[PDB]
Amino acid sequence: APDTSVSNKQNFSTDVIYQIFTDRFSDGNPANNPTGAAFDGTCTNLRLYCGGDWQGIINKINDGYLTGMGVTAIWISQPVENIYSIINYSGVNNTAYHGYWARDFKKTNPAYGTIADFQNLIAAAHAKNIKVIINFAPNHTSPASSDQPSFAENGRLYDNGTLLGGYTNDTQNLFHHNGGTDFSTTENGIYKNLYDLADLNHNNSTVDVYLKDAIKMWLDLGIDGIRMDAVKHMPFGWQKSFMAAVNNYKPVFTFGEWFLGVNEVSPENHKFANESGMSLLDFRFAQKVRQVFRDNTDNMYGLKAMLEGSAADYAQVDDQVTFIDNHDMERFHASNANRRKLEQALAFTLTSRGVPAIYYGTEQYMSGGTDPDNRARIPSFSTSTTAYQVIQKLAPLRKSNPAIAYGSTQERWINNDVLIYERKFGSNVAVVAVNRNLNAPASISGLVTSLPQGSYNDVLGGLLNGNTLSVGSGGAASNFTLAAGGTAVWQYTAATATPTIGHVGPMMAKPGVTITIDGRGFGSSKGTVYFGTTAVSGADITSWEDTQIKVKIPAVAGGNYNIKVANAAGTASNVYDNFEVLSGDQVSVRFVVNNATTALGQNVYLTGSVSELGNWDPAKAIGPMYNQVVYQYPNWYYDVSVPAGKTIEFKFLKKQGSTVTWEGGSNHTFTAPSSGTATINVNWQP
């Protein structure tokens, strides 16, 4: 099957996602509507259930609203059963309409539908070439008070109906009891509660095994991707072991939500996306887009800086999920704002690198402040809005032109208000011109592109005042006027003679697992696949065609490898780096080191005899470790994904910058569990 097929669960770069807040999209089955005080059929009280469900999504899939827009993927509110409590927060009733208050990860939220409804949704979507992503929030259960068990459902967690435990009398330690986070430090935000939500303890074997079993159930139901909620708030090492569980079973595109504020560029965020096994919602992209197109707090130079910086900071920038707003931000379109601002932000996002995700209702020009005002019921299903047509014209390009899906990004013209950028992949090219200045045209002369000589029509057909482009020899464009608020898209596609890799997924798994290599120019005859210097050919290459290769990871030592392919004739492709071969199945183990004193700025790290611990290379040591919440300095701790059942030797390090101080004595040793978790507690050896 081609890289663009709906069956490709490992690659969403050729897709356009539609963010569906289930309860607020379409009530297709009034019969499963919550009743009484938990419901408001008029959807005036945005904190109660309005009725939106999966039958409704099925209907909008079948009547062409989404397909007519060029939408090829959707993500939905967490599907698992939530508490049924109607909580009164300072005079106002609140319900789990948002799906974030889980009580049973192995059952569905009856308000959204039954398991059968979910199966029907998966089927209906796939029949229309639409992939389905589910929100999954393993960080917590629901609102709770240990001193007041009668409050809500006490954060109780059930396993397919069987009560496991609640926040009160939590002798099993299924949850954390360290108060609420103030977001002062990453560690603080991980081992303390978000709001009053019962924080799950992933170091508890029951919890660990339970959540991994739960996600497998959903994987078996046919989901095509996972949107991990609040990933900045769970142990990064545990999440890696989680992604390993997913990838070593049935790999599907996964990304997490890690909020970044305006002007916030986070190295931790980059590292998580680069090493966790999942990508992230591109807040850095979203926030800059809002600054430039919405709030006028930066110009095109800032937009360019964001594009160049992110392409360098993210190992797989093409896996980051882009957007201009979502369920937590104020809607991009302000009540009194010119609609062209939203339309340009949309065109920009749809033609930029990554995986575009449009928040439901954006195309209907919905406005609204922060939660819950940004979650109003979609006002209409009109295909006649300009925004709807913008998506309709550009969304399909991610499928037809690989430059948009996998291409590099290069600025070709720029000033305060204008940015003309080029996407390029193999012989494919796309040039996008945007003039955010709604009052002043711009004279574009000296524009040089990779477009072959000829005349190119604006793919938007002048919808956003774009124009035709005339390209001479050398790719030099003839002088033209870019209209005020003008947005144009010119593109070119052609066969690629040389094997070219545009995407690989998953990027982390153990030997034997099948990975998907997408691109162009692979040829129809099986060639060769390389993991580092190791060559794979023949039977282990399950299938091979021009745009997609399915190949089993060879049994090489755990580590980071460069992926490359060669066609049947032996012509080698470009290198797709940063592929992590795991040493085997993974388990999350907590390492605790006692009496490791340090100077301010100096931190303790973990190193060991397996790639998962960096194979003794300090530059790849695990950490910086923590020393405040669960354990206190001079004791440090960290949760780490390590190969199950392996006997591992390790040591701790104290690092100040790249300067390293090693534990003295012999290596520490332990054997990781075959499943579940474990805690290894040792003393720092001088």
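When you see a residue number, it is the position in the sequence shown, counting from 1.
Participant: Tell me which stretch, 347-355 or 208-216, has the higher mean Cα B-factor listed in the entry.
Facilitator: Stretch with the higher mean C-alpha B-factor: 208-216.
Participant: Which is higher in the entry, the mean Cα B factor of 333-341 or that of 584-592?
Facilitator: It is 333-341 that shows the higher mean C-alpha B-factor.
Participant: Compare the CA B factors listed in the entry for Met625, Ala621, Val629, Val642 and report the winner.
Facilitator: In the PDB entry, the greatest C-alpha B-factor among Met625, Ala621, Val629, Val642 is found at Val629.
Participant: Which one, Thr547, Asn247, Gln316, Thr597, has the peak C-alpha temperature factor per the PDB entry?
Facilitator: Result of the comparison over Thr547, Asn247, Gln316, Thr597: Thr597.
Participant: Could you say whether, by C-alpha temperature factor, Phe670 belongs to the lowest, middle or highest third of its chain?
Facilitator: Highest third - that is where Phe670 ends up once the chain's C-alpha B-factors are sorted.
Participant: Considering only modelled residues of the same chain, in which third does the CA B-factor of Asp577 rank: lowest, middle or highest?
Facilitator: Within its chain, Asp577 is a middle-third residue by C-alpha B-factor, going by the deposited values.
Participant: Compare the C-alpha B factor of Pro372 with those of the other modelled residues in its chain, then answer lowest, middle or highest third.
Facilitator: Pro372: CA B-factor falls in the highest third of its chain.
Participant: Could you place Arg436 in the lowest, middle or highest third of its chain by Cα temperature factor, using the values in the record?
Facilitator: Tercile = middle for this residue's CA B-factor.
Participant: Among the modelled residues of this chain, does the Cα B factor of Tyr100 put it in the lowest, middle or highest third?
Facilitator: Its C-alpha B-factor belongs to the lowest third of this chain's values.
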